[PDB]
Structure formats: structure tokens, C-alpha cells
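K.L.:
Just passing along the structure, written as C-alpha cells.
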Amino acid sequence: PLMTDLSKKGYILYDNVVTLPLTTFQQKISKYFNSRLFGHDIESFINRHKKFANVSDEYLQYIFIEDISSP
Amino acid sequence: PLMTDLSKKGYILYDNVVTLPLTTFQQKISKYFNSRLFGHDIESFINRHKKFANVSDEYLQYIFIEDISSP
Amino acid sequence: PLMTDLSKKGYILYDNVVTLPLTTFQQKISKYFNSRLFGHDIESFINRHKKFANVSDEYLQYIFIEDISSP
Amino acid sequence: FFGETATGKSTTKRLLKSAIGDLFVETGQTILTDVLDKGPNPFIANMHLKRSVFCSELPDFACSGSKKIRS
């Protein structure tokens with residue numbers, strides 16, 4: 001039911017998976033915490049489920065609460 | 001015996017082997033099977049079949065079963 | 001209570017935490033100590049005592065005596 | 001035994017150990033990674049006349065400094 005706002009972002013729901021760009025993920029994690037000191041643990045965390053679904057597009061199956069909770 | 005039509009396909013009888021370039025495999029089959037990360041297992045073998053012809057040209061020894069036999 | 005007088009001297013009261021610019025302490029310690037000779041020792045003391053207020057700003061949890069005592 | 005954490009995999013371990021008695025033994029990570037033909041290796045020594053050996057808590061293999069398992 002939370003389609004509406006995502007449909008306002010131009011994203012398309014494919015296989016009931018919310019498309020989270022990797023660059024947006026890096027931006028939102030860097031907004032709060034430093035990325036240079038947190039590179040190794042983050043890459044180790046993401047290597048478990050990292051795959052090349054597209055030649056240049058990488059979507060993550062994790063939705064941040066701040067992106068869906070109104071202020 | 002199939003050199004009559006494979007001559008127009010780019011087959012060249014060099015080193016008694018006629019195969020296909022490696023470039024066309026990424027778009028057809030390797031789209032879901034990335035070779036930049038998980039392909040190393042075959043690359044060690046592939047490097048043993050490459051020849052000193054061109055840096056930007058790749059010559060891989062693999063022929064698709066369905067490319068010859070009509071489905 | 002005396003922070004405000006120090007506040008006008010380049011210090012910002014952020015969450016009741018004194019913010020010390022790096023260069024102010026660099027120059028103060030380099031006015032007598034050749035930082036080239038003990039660069040490694042000063043660096044070791046720093047990363048053993050460094051505190052991260054945020055991703056960018058770094059502060060030291062000390063107030064120089066001459067900063068409050070009039071000359 | 002593949003699955004997510006906290007799925008009760010140790011329940012079968014503790015049930016089987018009690019059911020079997022002395023014939024069950026837990027063995028660390030030496031046997032699948034470390035070389036046993038060189039140096040004193042009692043790991044292969046204690047398995048003699050045993051009916052069950054167990055091995056668990058295998059860490060990440062992509063982490064820096066982690067020794068890849070030799071087959």
C-alpha cells in the first residue's frame with residue numbers, strides 16, 4: 001500500500017521489490033556517519049547479498065524508515 | 001564441412017581451431033552470470049587459450065549448442 | 001559561565017561542548033616545538049586522544065591557561 | 001547445515017551429543033584449513049574410533065586475513 005510515494009519518485013515496482021539505488025544508499029548513510037572509516041564493515045555487510053542484476057543498475061532490497069516516515 | 005557458411009560468419013582456420021569472439025557472450029548469456037567477479041574460475045583457463053593478436057580483441061574457444069542446431 | 005567570553009574567541013557552544021579549531025592548537029604547540037622533529041609522536045598522541053564531534057569538525061577537550069588568564 | 005542464525009541448529013547438536021555419549025566430538029577449524037601432514041596435529045589423532053565429529057562457527061571467507069579452505 002506504500003506504492004503511492006514511490007510511484008511519485010518514478011520508480012517501478014518489479015517483482016514486488018523496491019528499487020533502492022546504491023548511490024542513494026551511500027548518500028543517506030554518509031549523511032549520518034563517516035564513510036571513509038566505515039567502508040570495510042559496510043562492504044563486508046553488503047558482500048553477502050551483493051550481485052550484478054544489471055550492467056550498471058544495482059538495487060538494494062532494504063527500505064529506510066526515514067524514507068517512508070513523514071516528518 | 002560447414003565452412004561453406006561459417007566462412008561468411010567470420011571463422012578463420014588459424015591454429016586448426018575456429019571459434020567465436022568473447023565479446024558477444026556477455027550480452028547473450030553472461031548478463032546474469034557476471035564474469036568480472038565470478039568468472040575468474042574460467043579465466044585461468046581462458047588465458048591459456050588466448051593468442052597474441054590484439055589487446056582489444058578477445059578470442060574465446062566456445063561454441064553454443066543451439067547456434068548450430070535449430071530448436 | 002566563562003565560556004561566553006571564550007566563545008567570542010573562536011569557540012562555538014554546541015551542545016555545551018567547547019569546539020577548538022585544529023590550527024589554533026597546531027600554531028600554539030608549534031610556536032616552541034619544531035613539529036617536524038616530533039611529528040610521529042604528536043600524531044600518535046592525537047589518534048590516541050582524538051575525539052569525533054561529527055564527520056568533519058574535530059575538537060580538543062582542554063582549555064589553555066592563557067586563553068582565560070589575561071596577559 | 002545452512003540457514004539463518006538463531007534457528008536452533010545447536011538444539012540438534014546438544015540432543016545428539018547426549019544421545020550418543022562419548023563417541024561425539026566437537027572439532028575446531030584446524031582440519032579443513034590448516035595443514036595436518038606437517039607438524040604435530042592431534043586433531044587427526046583423537047578422531048580414531050569415533051562415530052561423529054562436528055564443525056561449526058565458520059567465519060567469513062572474504063574478510064581480509066581469512067585463510068581460504070583448501071579442498
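By convention in this document, the chains of the C-alpha cells carry letters A, B, ... by their order, each chain's residues are numbered from 1, and ligands are numbered from 1 in the order they are shown.
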Over all Cα atoms paired in order, how far apart are chain A and chain B after a least-squares superposition, as an RMSD in Å?
P.N.:
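The root-mean-square deviation of C-alpha positions is 2.9 Å.
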K.L.:
Could the residues of chain A within 10 Å of chain D, counting only C-alpha atoms, be given as a PDB file with N, CA and C atoms, in the first residue's frame, please?
P.N.:
```
ATOM      1  N   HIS A  40      35.004  -0.694   5.411  1.00  0.00           N
ATOM      2  CA  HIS A  40      35.290  -2.125   5.465  1.00  0.00           C
ATOM      3  C   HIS A  40      34.101  -2.916   6.000  1.00  0.00           C
ATOM      4  N   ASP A  41      33.535  -2.483   7.128  1.00  0.00           N
ATOM      5  CA  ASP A  41      32.391  -3.196   7.686  1.00  0.00           C
ATOM      6  C   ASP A  41      31.182  -3.121   6.762  1.00  0.00           C
ATOM      7  N   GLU A  43      31.195  -2.823   3.410  1.00  0.00           N
ATOM      8  CA  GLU A  43      31.391  -3.698   2.257  1.00  0.00           C
ATOM      9  C   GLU A  43      31.289  -5.163   2.660  1.00  0.00           C
ATOM     10  N   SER A  44      31.778  -5.513   3.856  1.00  0.00           N
ATOM     11  CA  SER A  44      31.600  -6.876   4.345  1.00  0.00           C
ATOM     12  C   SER A  44      30.127  -7.209   4.551  1.00  0.00           C
ATOM     13  N   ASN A  47      28.538  -7.593   0.957  1.00  0.00           N
ATOM     14  CA  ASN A  47      29.057  -8.648   0.094  1.00  0.00           C
ATOM     15  C   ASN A  47      28.248  -9.936   0.188  1.00  0.00           C
ATOM     16  N   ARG A  48      27.504 -10.136   1.277  1.00  0.00           N
ATOM     17  CA  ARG A  48      26.733 -11.366   1.426  1.00  0.00           C
ATOM     18  C   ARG A  48      25.633 -11.469   0.376  1.00  0.00           C
TER      19      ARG A  48
END
```
K.L.:
I'd like to know which residues of chain B are strand (DSSP E or B) (by DSSP, run on the backbone); could you write them as a PyMOL selection string?
P.N.:
chain B and resi 14+17+20-21+59-60
K.L.:
Applying 12 Å and only C-alpha atoms, which residues near residue 59 of chain D remain after dropping the ones on its own chain fewer than 2 positions away? List them as JSON, numbers by chain.
P.N.:
{"A": [44], "D": [28, 29, 55, 56, 57, 61, 62, 63, 64, 65, 66, 67, 68, 69]}
K.L.:
Put those residues in a file: N, CA, C and O atoms, as a PDB file, in the first residue's frame.
P.N.:
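The resulting file, out_12.pdb, is shown below:
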```pdb
ATOM      1  N   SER A  44      31.778  -5.513   3.856  1.00  0.00           N
ATOM      2  CA  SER A  44      31.600  -6.876   4.345  1.00  0.00           C
ATOM      3  C   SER A  44      30.127  -7.209   4.551  1.00  0.00           C
ATOM      4  O   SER A  44      29.695  -8.327   4.248  1.00  0.00           O
TER       5      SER A  44
ATOM      6  N   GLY D  28      37.530 -28.065  16.093  1.00  0.00           N
ATOM      7  CA  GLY D  28      37.667 -26.699  15.630  1.00  0.00           C
ATOM      8  C   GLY D  28      37.887 -26.555  14.137  1.00  0.00           C
ATOM      9  O   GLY D  28      37.531 -27.440  13.354  1.00  0.00           O
ATOM     10  N   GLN D  29      38.479 -25.434  13.734  1.00  0.00           N
ATOM     11  CA  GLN D  29      38.640 -25.088  12.329  1.00  0.00           C
ATOM     12  C   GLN D  29      39.992 -25.498  11.758  1.00  0.00           C
ATOM     13  O   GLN D  29      40.315 -25.104  10.633  1.00  0.00           O
ATOM     14  N   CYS D  55      31.700 -29.684  13.172  1.00  0.00           N
ATOM     15  CA  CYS D  55      32.439 -28.457  12.901  1.00  0.00           C
ATOM     16  C   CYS D  55      31.476 -27.329  12.553  1.00  0.00           C
ATOM     17  O   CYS D  55      30.611 -27.484  11.685  1.00  0.00           O
ATOM     18  N   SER D  56      31.647 -26.194  13.231  1.00  0.00           N
ATOM     19  CA  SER D  56      30.700 -25.091  13.172  1.00  0.00           C
ATOM     20  C   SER D  56      31.441 -23.763  13.212  1.00  0.00           C
ATOM     21  O   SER D  56      32.659 -23.698  13.016  1.00  0.00           O
ATOM     22  N   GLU D  57      30.670 -22.699  13.463  1.00  0.00           N
ATOM     23  CA  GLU D  57      31.152 -21.327  13.670  1.00  0.00           C
ATOM     24  C   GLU D  57      32.211 -20.918  12.641  1.00  0.00           C
ATOM     25  O   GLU D  57      33.186 -20.230  12.944  1.00  0.00           O
ATOM     26  N   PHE D  61      34.793 -15.759   4.703  1.00  0.00           N
ATOM     27  CA  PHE D  61      35.993 -16.073   3.939  1.00  0.00           C
ATOM     28  C   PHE D  61      36.489 -14.908   3.095  1.00  0.00           C
ATOM     29  O   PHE D  61      37.657 -14.912   2.690  1.00  0.00           O
ATOM     30  N   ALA D  62      35.638 -13.919   2.820  1.00  0.00           N
ATOM     31  CA  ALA D  62      36.045 -12.755   2.044  1.00  0.00           C
ATOM     32  C   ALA D  62      36.740 -11.693   2.886  1.00  0.00           C
ATOM     33  O   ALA D  62      37.281 -10.736   2.321  1.00  0.00           O
ATOM     34  N   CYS D  63      36.736 -11.833   4.208  1.00  0.00           N
ATOM     35  CA  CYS D  63      37.394 -10.864   5.072  1.00  0.00           C
ATOM     36  C   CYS D  63      38.906 -10.913   4.885  1.00  0.00           C
ATOM     37  O   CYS D  63      39.487 -11.963   4.595  1.00  0.00           O
ATOM     38  N   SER D  64      39.542  -9.755   5.049  1.00  0.00           N
ATOM     39  CA  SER D  64      40.990  -9.668   4.917  1.00  0.00           C
ATOM     40  C   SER D  64      41.670 -10.485   6.009  1.00  0.00           C
ATOM     41  O   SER D  64      41.301 -10.401   7.185  1.00  0.00           O
ATOM     42  N   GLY D  65      42.666 -11.277   5.616  1.00  0.00           N
ATOM     43  CA  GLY D  65      43.380 -12.131   6.536  1.00  0.00           C
ATOM     44  C   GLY D  65      42.759 -13.492   6.761  1.00  0.00           C
ATOM     45  O   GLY D  65      43.374 -14.333   7.429  1.00  0.00           O
ATOM     46  N   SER D  66      41.565 -13.738   6.229  1.00  0.00           N
ATOM     47  CA  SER D  66      40.922 -15.036   6.370  1.00  0.00           C
ATOM     48  C   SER D  66      41.546 -16.031   5.402  1.00  0.00           C
ATOM     49  O   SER D  66      41.700 -15.741   4.211  1.00  0.00           O
ATOM     50  N   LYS D  67      41.903 -17.206   5.914  1.00  0.00           N
ATOM     51  CA  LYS D  67      42.528 -18.242   5.105  1.00  0.00           C
ATOM     52  C   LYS D  67      41.459 -19.032   4.363  1.00  0.00           C
ATOM     53  O   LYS D  67      40.552 -19.597   4.983  1.00  0.00           O
ATOM     54  N   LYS D  68      41.568 -19.067   3.038  1.00  0.00           N
ATOM     55  CA  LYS D  68      40.649 -19.854   2.233  1.00  0.00           C
ATOM     56  C   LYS D  68      40.850 -21.341   2.498  1.00  0.00           C
ATOM     57  O   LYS D  68      41.976 -21.823   2.654  1.00  0.00           O
ATOM     58  N   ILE D  69      39.738 -22.073   2.551  1.00  0.00           N
ATOM     59  CA  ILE D  69      39.799 -23.500   2.833  1.00  0.00           C
ATOM     60  C   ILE D  69      40.384 -24.238   1.637  1.00  0.00           C
ATOM     61  O   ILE D  69      39.917 -24.091   0.499  1.00  0.00           O
TER      62      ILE D  69
END
```
K.L.:
Considering only C-alpha atoms, extract the chain C residues located within 9 Å of chain A and return them as a PDB file with N, CA and C atoms, in the first residue's frame.
P.N.:
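Result went into result_4.pdb, see below:
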```
ATOM      1  N   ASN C  54      31.767  15.215  15.070  1.00  0.00           N
ATOM      2  CA  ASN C  54      30.930  14.880  13.926  1.00  0.00           C
ATOM      3  C   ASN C  54      31.841  14.374  12.812  1.00  0.00           C
ATOM      4  N   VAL C  55      31.302  14.308  11.593  1.00  0.00           N
ATOM      5  CA  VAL C  55      32.069  13.777  10.472  1.00  0.00           C
ATOM      6  C   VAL C  55      33.235  14.691  10.109  1.00  0.00           C
ATOM      7  N   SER C  56      33.099  15.999  10.325  1.00  0.00           N
ATOM      8  CA  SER C  56      34.102  16.956   9.873  1.00  0.00           C
ATOM      9  C   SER C  56      34.834  17.648  11.012  1.00  0.00           C
TER      10      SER C  56
END
```
K.L.:
Quick one: everything within 8 Å of residue 43 of chain D, counting only C-alpha atoms, minus sequence neighbours fewer than 4 positions away in the same chain. Send it as a PDB file with C-alpha atoms, in the first residue's frame.
P.N.:
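Generated file (out.pdb):
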```pdb
ATOM      1  CA  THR D  27      36.435 -30.203  16.409  1.00  0.00           C
ATOM      2  CA  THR D  30      42.117 -26.633  12.019  1.00  0.00           C
ATOM      3  CA  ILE D  31      41.204 -29.692   9.952  1.00  0.00           C
ATOM      4  CA  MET D  47      39.235 -38.914  15.779  1.00  0.00           C
TER       5      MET D  47
END
```
K.L.:
Would you list the contacts of residue 58 of chain B as a PyMOL selection string, taking every protein, DNA or RNA residue within 9 Å and counting only C-alpha atoms, but skipping same-chain residues closer than 6 positions in sequence?
P.N.:
chain B and resi 21-23+50-51
K.L.:
Hey, can you check how far atom CA of residue 27 of chain C sits from atom CA of residue 57 of chain C?
P.N.:
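Atom CA of residue 57 of chain C lies at a distance of 17.6 Å from atom CA of residue 27 of chain C.
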K.L.:
Excluding same-chain residues fewer than 6 positions from segment 8-15 of chain C, what lies within 10 Å of it counting only C-alpha atoms, as a ChimeraX atom specification?
P.N.:
/C:21,24,53,67
K.L.:
Write the residues of the selection above to a file with C-alpha atoms, as an mmCIF file, in the first residue's frame.
P.N.:
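Generated output (part34.cif):
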```
data_model
loop_
_atom_site.group_PDB
_atom_site.id
_atom_site.type_symbol
_atom_site.label_atom_id
_atom_site.label_comp_id
_atom_site.auth_asym_id
_atom_site.auth_seq_id
_atom_site.Cartn_x
_atom_site.Cartn_y
_atom_site.Cartn_z
ATOM 1 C CA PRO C 21 39.833 24.650 15.796
ATOM 2 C CA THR C 24 44.787 27.160 16.784
ATOM 3 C CA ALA C 53 32.319 15.572 17.414
ATOM 4 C CA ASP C 67 43.080 31.598 26.869
#
```
K.L.:
Going by DSSP on the backbone, which residues of chain B come out as helix (DSSP H, G or I)? List them as a VMD selection string.
P.N.:
chain B and resid 3 to 6 23 to 28 40 to 46
K.L.:
Excluding same-chain residues fewer than 5 positions from residue 53 of chain D, what lies within 7 Å of it counting only C-alpha atoms, as a list in words?
P.N.:
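With the cut-off at 7 Å, the set is residues 24, 25, 26 and 27 of chain D.
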K.L.:
Can you write out the residues you just picked, keeping N, CA, C and O atoms, as a PDB file, in the first residue's frame?
P.N.:
```pdb
ATOM      1  N   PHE D  24      30.653 -38.766  20.264  1.00  0.00           N
ATOM      2  CA  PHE D  24      30.503 -37.475  19.606  1.00  0.00           C
ATOM      3  C   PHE D  24      31.613 -36.537  20.062  1.00  0.00           C
ATOM      4  O   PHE D  24      31.903 -36.447  21.259  1.00  0.00           O
ATOM      5  N   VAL D  25      32.231 -35.837  19.110  1.00  0.00           N
ATOM      6  CA  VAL D  25      33.303 -34.896  19.419  1.00  0.00           C
ATOM      7  C   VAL D  25      33.145 -33.637  18.575  1.00  0.00           C
ATOM      8  O   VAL D  25      32.800 -33.702  17.390  1.00  0.00           O
ATOM      9  N   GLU D  26      33.399 -32.489  19.200  1.00  0.00           N
ATOM     10  CA  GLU D  26      33.434 -31.197  18.528  1.00  0.00           C
ATOM     11  C   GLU D  26      34.875 -30.866  18.163  1.00  0.00           C
ATOM     12  O   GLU D  26      35.766 -30.944  19.015  1.00  0.00           O
ATOM     13  N   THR D  27      35.099 -30.497  16.905  1.00  0.00           N
ATOM     14  CA  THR D  27      36.435 -30.203  16.409  1.00  0.00           C
ATOM     15  C   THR D  27      36.457 -28.802  15.813  1.00  0.00           C
ATOM     16  O   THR D  27      35.520 -28.399  15.117  1.00  0.00           O
TER      17      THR D  27
END
```
